[PDB]
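# quick check, what structure comes out for this input:
(chains A and B, ligands or ions: 6)
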Amino acid sequence: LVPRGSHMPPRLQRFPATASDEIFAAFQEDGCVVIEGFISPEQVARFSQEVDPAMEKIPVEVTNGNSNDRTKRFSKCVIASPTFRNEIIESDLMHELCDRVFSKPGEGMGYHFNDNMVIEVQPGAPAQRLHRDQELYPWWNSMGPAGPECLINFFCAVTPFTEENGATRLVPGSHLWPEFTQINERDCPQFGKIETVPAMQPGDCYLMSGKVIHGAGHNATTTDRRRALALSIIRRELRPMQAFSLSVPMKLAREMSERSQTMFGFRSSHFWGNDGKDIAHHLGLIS
Amino acid sequence: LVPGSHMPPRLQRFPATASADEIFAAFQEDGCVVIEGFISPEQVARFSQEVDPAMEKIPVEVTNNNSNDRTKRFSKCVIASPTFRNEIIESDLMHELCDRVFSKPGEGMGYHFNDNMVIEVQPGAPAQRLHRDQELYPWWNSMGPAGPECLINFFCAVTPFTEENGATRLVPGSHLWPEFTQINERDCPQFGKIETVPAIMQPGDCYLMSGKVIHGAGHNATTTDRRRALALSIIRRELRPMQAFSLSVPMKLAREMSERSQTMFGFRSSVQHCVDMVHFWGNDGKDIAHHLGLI
Ligand SMILES: C=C1[C@@]2(C)CC3=C(C)[C@]4(C=CC(=O)OC4(C)C)CC[C@]3(C)[C@]1(C(=O)OC)C(=O)[C@@](C)(O)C2=O
Ligand SMILES: C=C1[C@@]2(C)CC3=C(C)[C@]4(C=CC(=O)OC4(C)C)CC[C@]3(C)[C@]1(C(=O)OC)C(=O)[C@@](C)(O)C2=O
Ligand SMILES: O=C(O)CCC(=O)C(=O)O
Ligand SMILES: O=C(O)CCC(=O)C(=O)O
Ligand SMILES: [Fe+3]
Ligand SMILES: [Fe+3]
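Numbering: from 1, shown residues only, chains lettered A, B, ... in the order given. Ligands and ions are numbered 1, 2, ... in the order given. And now the structure:
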């Protein structure tokens, strides 16, 4: 795999979207894993064109070290794209995976959606700061690698992921380090020695844990809009960064299955209920 | 007080006109503090009157178990009570203390509502298991006493709280024990040896309590006394509420709310800073209040 004698780089396993528990142990051991072909070939295609009109009406910032410097972001994927709401979010591998990360026996679905983002790294965009996704829930790093999982991300490539256009540089095994710190020169002892691994073709995805260090690289090209679809998924006890049950129209919620209504907060798991009853009753969604 | 009689733990008491700093320091020392006249007796009585039809229509569950039985719980306080939504949730002392607990520099409101629950302990109802309210967020005990706060409770007396009718039993300074476990025989070594103290209160008194404080409803030993409480459960912005208030509370009521009341119920977002900024509970980069028409 490496020339004999070489420094071996951090292991980044890769499974086919038809694999089994097998993908999960790669997640447990490394903190991430690639699912090659996560979304079908025409599915990803129909999806990208469907959000191209919305992506077109996002002006680009040319700035300050923020994650908005020449990186454009858009989250109304259920509204804008029939392919997303009808096909992509009903992956049984997605759910069979989430149930192994999040759900406890007897309690139903321990998870729901945090965000559905399309991230498009514009050419010349500086490399994104290194971070753990779970910094979104600021106390979580304090629990170290023994803490439970709060967040996972099915990070899917829309346009191809190269080392040129700044695909995500992962750091496998970052979830097993003994202290979880901010990744900067004052707080991180290993800053500048952190060994990355860049991450894929359209429809491939990687299933990253919230504990894993990562970040978008510099998009060094002149023409490449590098586009992605992040399926952020949190445990049921945590609050979504998107208010999906207030912006997704009721017309679309009626077309979703019970699992997908639970993912978007149109149905309870009790958490997110309505005075001892499922919020789905009051909304006109049960029997 | 008592006669070399053994003296129980101290539960500090303040009037609602004390300084939120004096109250907060007490809360920090003991993890719980009584605020007398948190709500005026005229406010508490109108509230009790406005929820009472809903309370009477709630059947009492009697069971053959320790099942947390014979306790009515009602959460649609905003819909049923003009006093609650117009006055009680507008307590400036409530928001002063919440900020000192939850709100970060340069982010605005770090908290929102988990629940608004009328809890009426029926005559004869058995005592509740000792618990910490942050057990609702099961990973929280594992951070121990150094952990951040996830939840505080403004537990108000609607009818008098007495030692006989089931006033809550609290364990002051249990937010400072070095290991947070569930309170059971397997996991808790002080099990059965834990000294509680009732929250004796008159109508309109609150106690403010951290999610780190061991406590439990007491046994209601009376035959006539339906012991009514109002629990204002308040969590940090990154945590999920028990109630989906933005989906059951009507928009007509949303539009009459102050901006900070809208934030409490999820009709409006809160800006969190990480280099980056993110409207938590937002709409693709903007406040959810825009798509809702709340300006
Ligand atoms: C299921 C329960 C949970 C898990 C959560 C809880 C919540 C949210 C409460 C506790 C925390 C809080 O701050 O708010 C209130 C007051 C409303 C009380 C009521 C319930 C819903 C609960 C219950 O109903 O048991 C039948 C319960 O009594 C208790 C204590 O055992 C629980 O820890
Ligand atoms: C404000 C940001 C936060 C705080 C959260 C975040 C979310 C939720 C994301 C990250 C984690 C996740 O699990 O999902 C996604 C992919 C959607 C990415 C986009 C943003 C909104 C964020 C950002 O865009 O900054 C304006 C950002 O890039 C990052 C990484 O710096 C952040 O940690
Ligand atoms: O866009 C990328 O390459 C990674 C972005 C990411 O993971 C984030 O925004 O948190
Ligand atoms: O009603 C009480 O006195 C305590 C209730 C309580 O602690 C709870 O329900 O979580
Ligand atoms: Fe990230
Ligand atoms: Fe409690």
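
# so which bits of the longest helix along chain A are buried?
If each helix of chain A is counted by residues according to DSSP state H, the longest one is helix A:41-56. By neighbour count on 16 or more other CB atoms under 10 Å in any protein chain shown, the buried set for helix A:41-56 is A:43-44, A:46-48, A:50-51, A:54-55. Every residue, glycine included, has its C-beta placed from N, CA and C.

# okay if I get these as CSV plus distance to ligand 2?
Output for the buried residues of helix A:41-56, formatted as CSV (distance: CB to the nearest ligand atom, whole Å):
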residue, distance to ligand 2
A:43, 20
A:44, 18
A:46, 22
A:47, 16
A:48, 18
A:50, 19
A:51, 15
A:54, 16
A:55, 15
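
# ok, those residues vs chain B, which is closest?
residue A:54 (9.2 Å; CB to the nearest CB).

# the residue nearest to that closest one when sequence neighbours are not counted and residue B:289, how far apart?
Residue nearest to residue A:54 in three dimensions, not counting chain neighbours: residue A:80, with 5.0 Å by CB to CB, 6 or more residues apart in numbering or on different chains. Distance, residue A:80 to residue B:289, using CB to CB, to the nearest Å: 22 Å.

# now swap in residue A:266 and tell me
Taking CB to CB, one finds residue A:266 at 20 Å from residue B:289.

# ditto for residue A:77
For residue A:77, the distance to residue B:289 - CB to CB - is 22 Å.

# what's the answer for residue A:137, then?
23 Å.

# residue of chain A nearest ligand 4, please.
Closest approach between chain A and ligand 4, counting by CB to the nearest ligand atom: residue A:276, at 13.2 Å.

# shouldn't that residue be in contact with residue B:76?
No. Residue A:276 is beyond contact range of residue B:76, at 10.1 Å (criterion: CB atoms under 8 Å).

# all helices for the stretch 1-150 of chain A, in order.
Here the stretch 1-150 of chain A has its helices, by DSSP state H, counting those that start in this stretch, at A:22-30, A:41-56, A:77-80, A:82-86, A:92-101.

# tell me the gap between the first one and the middle of its chain.
What it means is helix A:22-30. Centre-to-centre, helix A:22-30 and its host chain are 16 Å apart (CA atoms, centre = their mean, to the nearest Å).

# swap in the longest one?
For helix A:41-56, the distance between its averaged C-alpha position and the chain's averaged C-alpha position is 18 Å (CA atoms, centre = their mean).

# that one and ligand 3, are they touching?
No. Judged by CB under 6 Å from any ligand atom, helix A:41-56 and ligand 3 are separated, with a smallest distance of 14.0 Å.

# residues contacting that helix, please?
Applying CB atoms under 8 Å, 6 or more residues apart in numbering or on different chains, the contact partners of helix A:41-56 are A:39, A:72, A:74, A:76-77, A:80-84, A:87-88, A:118, A:120, A:156, A:158-159, A:202-203, A:227, A:229.

# please pick the buried ones from those residues.
Buried among these (16+ other CB under 10 Å): A:39, A:72, A:74, A:76-77, A:80-81, A:83-84, A:87-88, A:118, A:120, A:156, A:158-159, A:202-203, A:227, A:229.

# enumerate the residues of the stretch 151-287 of chain A near chain B.
Residues of the stretch 151-287 of chain A lying close to chain B (CB under 8 Å from any CB of the partner chain) are A:236-243, A:245-247, A:265, A:268, A:270-276, A:279, A:282-283.

# which ones among those residues are found in helices?
Per DSSP H, those map to helices at A:245-247, A:279, A:282-283.

# top of those residues by number of neighbours, please.
Neighbour counts for these (other CB atoms under 10 Å in any protein chain shown) peak at residue A:279, which has 25 neighbours.

# ok, and the closest non-adjacent residue to that residue?
residue B:244 is the one closest to residue A:279 (CB to CB, 6+ apart), at 4.4 Å.

# give the contact list for residue A:70.
A:60-62, A:121-126, A:219.

# scratch that, residue A:65 is what I was asking about
Per CB under 8 Å, 6+ apart, neighbours of residue A:65: A:126, A:129, B:275.

# just give me the neighbour total for the residue in the stretch 101-250 of chain A that ligand 3 sits nearest to.
Ranking the residues of the stretch 101-250 of chain A by distance to ligand 3 (CB to the nearest ligand atom) places residue A:216 first, at 3.1 Å. The number of residues packed near residue A:216 is 22, by other CB under 10 Å.

# quick one, phi/psi of it?
phi -70, psi 140 (degrees, to the nearest 10).

# show me which residues of the stretch 51-200 of chain A sit near ligand 3.
A:67, A:119, A:121, A:128, A:133, A:168.

# make it 5 Å
Contact residues, the stretch 51-200 of chain A versus ligand 3 (CB under 5 Å from any ligand atom): A:119, A:168.
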